[PDB]
There are 4 protein chains.
Amino acid sequence: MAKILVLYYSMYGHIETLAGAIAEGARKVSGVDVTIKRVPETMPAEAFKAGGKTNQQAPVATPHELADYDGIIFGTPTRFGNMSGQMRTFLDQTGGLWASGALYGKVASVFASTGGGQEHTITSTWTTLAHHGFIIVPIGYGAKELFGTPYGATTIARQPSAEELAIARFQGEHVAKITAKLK
Amino acid sequence: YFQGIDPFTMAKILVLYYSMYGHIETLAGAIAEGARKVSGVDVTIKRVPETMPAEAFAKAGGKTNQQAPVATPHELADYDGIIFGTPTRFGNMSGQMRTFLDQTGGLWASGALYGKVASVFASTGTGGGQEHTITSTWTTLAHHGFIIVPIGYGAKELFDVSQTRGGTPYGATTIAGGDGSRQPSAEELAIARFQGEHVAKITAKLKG
Amino acid sequence: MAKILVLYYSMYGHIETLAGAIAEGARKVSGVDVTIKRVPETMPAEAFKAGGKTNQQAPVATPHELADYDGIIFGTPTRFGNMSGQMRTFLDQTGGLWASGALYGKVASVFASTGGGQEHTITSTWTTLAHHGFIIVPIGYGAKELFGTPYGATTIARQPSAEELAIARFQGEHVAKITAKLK
Amino acid sequence: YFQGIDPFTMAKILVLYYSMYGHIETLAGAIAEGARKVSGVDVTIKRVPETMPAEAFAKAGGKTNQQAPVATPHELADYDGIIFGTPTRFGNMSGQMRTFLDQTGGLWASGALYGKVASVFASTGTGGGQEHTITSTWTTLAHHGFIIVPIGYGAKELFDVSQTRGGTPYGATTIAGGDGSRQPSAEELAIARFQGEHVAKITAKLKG
Ligand SMILES: [Cl-]
Ligand SMILES: [Cl-]
Ligand SMILES: [Cl-]
Ligand SMILES: [Cl-]
């Protein structure tokens, strides 16, 4: 039965909302169990005075647990053209998983919010995931709302639009179909 | 359709390459050998058309003796996985491979390649730009909706640094020398053999 | 006295207009001679039925002449996430310049229009130019309209906005100051 | 200001690095040697703070004997060119270098680094991700408005493929081995020496 983790970071809630649509799409696939988790905050609690959304219901993930899922869909804001420092720090802590090959051949996909360079954020995440041997799922133009990027769903952070959310649902279903078929 | 539907399916792998001096042709053979290890997989090797003048090619020492047939853009739609091989042009795919992929706009418009499996291998003269040749190709393939297969560190020859050695976590590679005089090494061929098998297992599993 | 080439490709005219602002900014620098040229079209004349802008006054450049300038500012639309095939084909034809080191240490900068991934188009052009040994000029946040990308001016192709054109003028001046100082 | 203004200027180069096992520290020395060949250039080597626990570092065999002083984020504003050195973390800069650059948000907000010269050198265990470590760092530096210096094929050692050899057109590199047991080679040190001289000439010319 396949297990999908929707793992995200969100400061203002935009990526949180997109992750909900990602998960919704993946749950459309029979026999797929979907879990939503957030990576730990890296800023001090009082600075996060920056207007951060402290009311986030998703449980906090640990790097250790990435090995328990068959597919992982990563969501992140952009920071100075790259993935958020929060998501980067989390992935920087997977050296034990790397050395043991624990993530090898698992399915990965990425969604992002525009800080702003959404596309480099996704493709640079792809580069990092390649080092673990993940199979990488772009979305192409399968969602008709693309006529969002072909690399993965995105939003411009002021809530995500219905069109952006439709593309995220498509991505979640697409990734989950592939993961379930590979399992 | 009462007779059009086959009782058995195979996963169809195309190894599509461009090579001027043969280095990628040789890796393409190892890619295919690896894919052939997988039960239920058909493997085909084809090359993209030459774009340079024939006299320039021959005067530059090019290898005109390449037996693989020339591919048509349209037929990529007939395969389940496509492993693309190319020399670099300043960190990008060859003009030859790029020109060929530019002729798949009709396949793009109809979604004909959507959800197929893709993987990339490359050559450079000195190593320069080998990684970006692969990852920039990924970007183009994402617009067709291909699933992208890197190799990670699955081939242990990637940890050997005792000799000049192509191969990256993004895909197999070979180092030809600035003049093309280096031959692909046994370690480079092994990494390419791993890539083909890996890609074919994934493709076969998705087709099963 | 420093020589800047503004070299662009444009199908619908958006990049042509941005190139005019690039050149305008560079001409603000005393002692800088600025030339605007376009790369040759690669499509057949009748297809370019696609609504192309045939009335483009800029002369057509040859790859050979890149060696005659001290700085080159490259403008291109995006194609399927990368530089236009027209600009790529032009750069693919610089192998003789590469082998002789003719472009080594010259100044380069890039502007793009969104097809759509403007940022990968610019940074992938940077990668190609590195192989020739160009010095690469981003624009950062020097133009206050950025608060366009920090990698170079951009437009969304439906004419370029005054804000986009202001950023292009800034880029042209910035690049030309650097080129003149290096000469 | 009647006395604050100096009669003579020097171009100030900072070689800023992170190194766990010393490979990048050794290349940083060659970078600096090269920059020192240029008349009118002051060269300073500094390292970014360690982020890992001291006991983990020492138990992993880390090199605690590094004489270069530890840099502060704020002082990057005092230099004219900065050559950044780092091991890779999965195709990205080290967490240590990244954490340090994250503390330059104040310099970013005031434009303090705008228009300075930047260049990058890197290490990997097997070569994997060496190119992307450099080019992804370029992207971060572009947000500060740095001028970016690749090295192209100016160092002829880049054409030698007879031995395992770091170095790319994006910047110098070294191959440490998966266990860190390889030492930087004379060819790798020469390429780094070229990079430092090249960067310093460019910086000196812009300061003149
Ligand atoms: Cl957010
Ligand atoms: Cl080849
Ligand atoms: Cl245009
Ligand atoms: Cl190191």
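Counting begins at 1 with the first residue displayed.
Looks like X-ray crystallography, 2.0 Å, at least that's what the header says.
Cβ coordinates come from backbone N, Cα and C, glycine included.
For B:19-24, B:88-90, B:123-128, B:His143, the entry in Swiss-Prot reads FMN binding site, with the evidence type sequence analysis. On its own chain, B:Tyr21 (FMN binding site) has B:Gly61, B:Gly62, B:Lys63, B:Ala176, B:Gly180 as residues at least 6 apart in sequence with a Cβ closer than 8 Å to its own Cβ.
Per Swiss-Prot, NAD(+) binding site is recorded for B:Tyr21.
Taken from Swiss-Prot, the feature substrate binding site covers B:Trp108, and the record attributes it to sequence analysis. Taken residue by residue with DSSP, B:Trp108 (substrate binding site) is part of a helix. Sequence-distant neighbours of B:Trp108 (substrate binding site) (same chain, 6+ residues apart, CB-CB distance under 8 A): B:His143, B:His144.
The domain 'Flavodoxin-like' annotation in Swiss-Prot covers B:13-199.
Feature annotation from the PDB entry assigns expression tag to B:1-9. Remote same-chain residues near the expression tag (B:1-9) are listed as 40, 207-208 (criterion: CB distance under 8 Å, separation of at least six residues from the stretch ends).
Using a Cβ-Cβ cut-off of under 8 Å to chain C, the binding-site residues B:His23, B:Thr88, B:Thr124, B:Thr126, B:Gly128 reduce to B:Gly128. Its Cβ placed at the centre, B:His23 (FMN binding site) has 27 other Cβ atoms within 10 Å.
When secondary structure is read from DSSP and collapsed to three states, B:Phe90 (FMN binding site) falls in the coil class. In this structure, none of the binding-site residues from B:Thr88, B:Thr126, B:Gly128 has a C-beta falling under 6 Å of any atom of ligand 2. For B:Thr126 (FMN binding site), applying a Cβ distance below 8 Å and a minimum sequence separation of six or more within one chain yields B:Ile175, B:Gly177, B:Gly178. Each of the binding-site residues B:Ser19, B:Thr88, B:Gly128 was checked for a CB under 8 angstroms from a CB of chain D; the ones meeting this are B:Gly128. Counting only same-chain residues six or more apart in sequence, the Cβ atoms lying under 8 angstroms from the Cβ of B:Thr88 (FMN binding site) belong to B:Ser94, B:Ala122, B:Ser123, B:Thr124, B:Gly128, B:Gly129, B:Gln130, B:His132, B:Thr133.
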